[PDB]
Structures are given as C-alpha cells and as structure tokens.
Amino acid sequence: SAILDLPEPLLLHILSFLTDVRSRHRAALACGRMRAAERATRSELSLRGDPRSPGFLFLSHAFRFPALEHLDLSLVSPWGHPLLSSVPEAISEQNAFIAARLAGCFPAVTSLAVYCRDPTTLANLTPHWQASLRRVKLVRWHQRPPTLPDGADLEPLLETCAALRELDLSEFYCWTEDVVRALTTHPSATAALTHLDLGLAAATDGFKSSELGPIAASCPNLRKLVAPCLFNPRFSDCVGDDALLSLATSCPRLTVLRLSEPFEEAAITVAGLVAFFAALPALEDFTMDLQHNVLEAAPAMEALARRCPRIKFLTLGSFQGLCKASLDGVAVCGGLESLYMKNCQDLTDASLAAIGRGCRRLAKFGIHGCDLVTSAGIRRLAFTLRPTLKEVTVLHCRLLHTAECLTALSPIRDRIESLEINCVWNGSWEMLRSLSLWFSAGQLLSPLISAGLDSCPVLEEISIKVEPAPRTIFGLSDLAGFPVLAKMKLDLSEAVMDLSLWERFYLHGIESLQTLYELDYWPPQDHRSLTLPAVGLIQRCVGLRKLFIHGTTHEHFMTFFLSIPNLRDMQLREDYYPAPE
C-alpha cells in the first residue's frame, strides 16, 4: 500500500482535506490506520443520538478526536430536550459523568453549538472546555423559562469561559432584557467579545435603542454585530441616528454590521449615516434591512465609499435613491463584491447601468421589490458584469417576470452559480449549482422548465418556499430532468386532515427525483403535523439518506427506515418559536 507506506503525518494531512462526513466514515472503516488518521484529523462533529445512553458513555477510548474544534450538540436525541439540566443530588453525579465523557471524546473544543433549555446545561459542559472555548452557539426554540432571573441564560458562559470571543444567539430564544443585563454585568468576559449575533430566534420586536446603547458600550472589542433592532419611529426608544453614532463610537472596531427590522420614514437620516460611516473606517460588511424608509440615500452611499474604503458587502432594505443616473450613490462604491437592495422604489434601469460601470468587482447582485427595474436593466447588468457576476437574486419586482428575467440573465447563463427567483407567469445553465424558488399558494412549478431552466447539468440543490384544482399537482416530478439534483429544501410552513390536500398537491411526484439524497421538509401550519398522504409520498423517496421534517409525525418514525432502504439521518426538528414537548 503506497498510501500506508507514507509517514503517518502525511496520511493525516491527506485526511485533513476530506471534508465529506460519510467519506470520512468510510475511510475510517478502510483500515485501522486510516481510522487513526480520520479520528486525529476530524475538525467538526454534529453528535447523532442520545449521549445520555450507556451506548455513548461506554464507547471505546478509541472514540477520540484530538483535533476536533467545532462540536455540535444541538441535534442530540431527543431533539430540543434539556441536556444535562438540574430541574436530587443523584442527577448532578450522572451529569458530571456525561460531561467528562464528552471532554474525553472531544478534548479540544473551541467552537460549541448546544441546545440550551436552561443555564445548568452550560454550567455542566463549560468547565471542561473553558480554557479553549472561543465560539458558543446557543439554540432554543422553546420559550424562555419564565422563572429565570434576567441574563441567567448567559450567566454560566460569561463566568467560566475566559477564551470566549464569539457568541451566536441567532437561534436562541430569550428576551432582549436577558442579553442586556448579562452583557452589561460581566465586563471581564464582555470586553473581550468580538462577534455577536443577537437574532434571538427571530421572535423579538427588535432591540431598543436603550438596549443597543449599553451592549455596544460594554463591548469595545466588537468587530461583528448581527442584531434585530426596533427601527419603528412610532416608538421613542427606537434605533435612530443617535443610537447609530453611539454604536460606531462604542465599537470603533466594527468590520461587519448587520442590522434589520423585524417585519413612513425611519428615525435614520442621511446626515446621521454620513456621521456613522465616518466613525467606522474598517467596515467591510454593512446591512441595514428596514421596513421604514431612508429617503434620498445616495449622499450617504457616497460617504460610505469615501470613508469606508474596505466596504465589500452591502445589503440595504427600504433605502431610497441609492443610485439615479442623470456616477451616483451606490455606483461609486467600486469595492463592492456583493450588493443587495430591498424596496428601492426609484431604482431604475439607468441605475443598474451605472452600477454596472461603477461596481466592477460585483459577484453577487440582488434586488427585492424594486418595481421600476425591467428586463433591459438586468440584461445590461448581466452583460456588463460578465467577468465576475456569479450570484443573482431577483424577487418580487413587478416589471420583472420569470420568463423574461431568465432571458435577461442569459448573458451569464453559462457562468451563474446561484439563482434566486420568485415564479410569476404573467441552453444549458452550465455552472448553476444552487437554485431558490418562491411561489404563491396553488401556483404551478411545471411552467418553470418552459420559461427557461430546461437543463441544469450541475444543479445539486433546490429550495422551494411557498407564501388549487382537484387533479392538478405542483409538479416536483418536473425536476427529474436535473441529473445531479441531490439536496432539497421544501418549505411550506407559510403555505396556509384539511391540510392533506395541500401536502399531497406539493409533494406529489417527489419519488421521480432519482438522485434526491437530502430532504428538509416544512409542513403547513395552522404543533405542525405531517398528514398520511405526505408520509406515503416521502416514503417513496428511495434515494433518501437524510430526512429532516420541521414539525412532527404521530406515524412511527421506524416505518421510514423500514421503507427507505438507505435512510440514516432522520429527525423531527421543531426549530420554530415556540417549540412544543
């Protein structure tokens, strides 16, 4: 064996490049030596099954990953249950053991993702990794236990983990109050923090100005901040110009800033943004995704280009007058690689032509709800940006219909890697790897293969999100043409037993997809439940290895394994607010 003749360090080096989880698992089964090579070089693990069981606890000393940096415990069984909680003295003894075993298997964790139902989970795990742990992601879709003190959920992390730099509460439901008290009362931990995602499971009315102020003030070392904010000027505690300038002076190191308003003029003026960008020279990544409008925004965009030369990724919602060709506004930001524009009501073809010349480095372009842009605008842009433009998003633009939009993007059909469109019905896509499709309820998929998108030789993932006749089907079977289509997100959560007819409408013909490997399915809502016809149709997907339903099934989960020949990864993941038991 020429591979096994190599010095062991080099076999390890080979294995360090193999990122596919299944391939790693097969390599480990090859020989005892590659087993050693795989275990010693695996960088990340998402833990499958129940670590409480003796089956995990009494695994070999060989089940060890000395170089594992990212451990994901958030997906352990049963999904979303308390892990290592305390809610008598007998239980702390068994919790200590389970924790110590995880430390044994994974001694070097620097990035942890966990389902944190209450602080005691973190209090149990963290002592074992407190010296090494730099990033912590919290996951909780269940309601915040009402009996907890403010900031109790983050208490164990800010006390113990002296290496902590990154905190990812994007999918962690708690109250904004919890985040404020915690981050304002642990200065020794909080002054070190560089990354902060405060999404709070997207179930918050946004952070208020008197909440954003003290968090930023307590974190002088922030470089990335992602946060929902209350931008609504009907309320006096909303994030305005003052909250922005304070954010910039409190965090003068911010390179990535992504603020969005949870779905009239905003309390944010152009002059306040000029002042804001003036204080943030090292800004590379800027998102302001608002429901309320920022009017005549071009001068602030020019100030952005002037004051923040590093600016690469721009996403703006409800910004008006971002570019008008009488180079103007956004078209002066030559450094841009990514431009996304939601609800720009005065963005014209002339604007896209001006963005085409000005923003030469653009690889990702997006317009959402810009109702003055035509096929001509898109045609010119896709043509001008041909050497670079690889990702396109066109959503809910009134004058832009799917058929003419796909023809407009033809200048780059052979180059485009990622597409996102909403379907509206009034040659090879050579590089198209990823597709996102948005539908109205009762709208057909079938005419998509006629409107363009006939052949997609490298398309491996499709995403379908929905925002009616007796025998008509949505027509997933029309994706059987796409030869390497393996992953699918079918999101019907916002589409609407009574639901059995809608589930059947959408899911019918899913069996046709010969090469479907991974399926993420979201059933329609009113405790979201799959109906039997939906179960019957997903059963017929013989190609499935991974199946994740978001909601529940009273139909035995064991039926799926006995149906689907090669199903391995299967879970019901109620990853929405608020989760049941």
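Start at 1 and count along the sequence shown; that's the residue number.
Undergrad: Enter the number of deposited residues without atomic coordinates between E467 and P468, binned as none, 1 to 3, 4 to 9, or 10 or more.
TA: Count of unmodelled residues in between: 4 to 9.
Undergrad: Residues with no coordinates between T147 and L148 in the deposited sequence, how many: none, 1 to 3, 4 to 9, or 10 or more?
TA: Nothing is missing between them.
Undergrad: Please work out which of 48 to 56 and 508 to 516 has the higher mean CA B-factor as recorded in the PDB entry.
TA: The stretch with the larger mean CA B-factor is 508 to 516.
Undergrad: Should the higher mean CA B-factor in the entry be assigned to 327 to 335 or to 138 to 146?
TA: The stretch with the larger mean CA B-factor is 327 to 335.
Undergrad: Highest CA temperature factor in the entry: which of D289, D285, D168, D454?
TA: Of the candidates given, the C-alpha B-factor peaks at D454.
Undergrad: Specify which of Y173, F97, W425, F207 carries the largest Cα B factor in the deposited PDB entry.
TA: Each of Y173, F97, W425, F207 was compared by C-alpha B-factor; the highest is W425.
Undergrad: Based on the deposited C-alpha B factors for this chain, I'd like to know if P281 is in the lowest, middle or highest third.
TA: Middle third.
Undergrad: Could you place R223 in the lowest, middle or highest third of its chain by Cα temperature factor, using the values in the record?
TA: Lowest third - that is where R223 ends up once the chain's C-alpha B-factors are sorted.
Undergrad: Check where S250 lands among this chain's C-alpha B-factors and tell me if it's the lowest, middle or highest third.
TA: Lowest third, going by the recorded CA B-factors of the chain.
Undergrad: Taking the C-alpha B-factors as the PDB entry records them, is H61 in the lowest, middle or highest third of its chain?
TA: Tercile = middle for this residue's CA B-factor.
Undergrad: Taking only the Cα B-factors deposited for this chain, tell me whether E494 sits in the lowest, middle or highest third.
TA: Its C-alpha B-factor belongs to the highest third of this chain's values.
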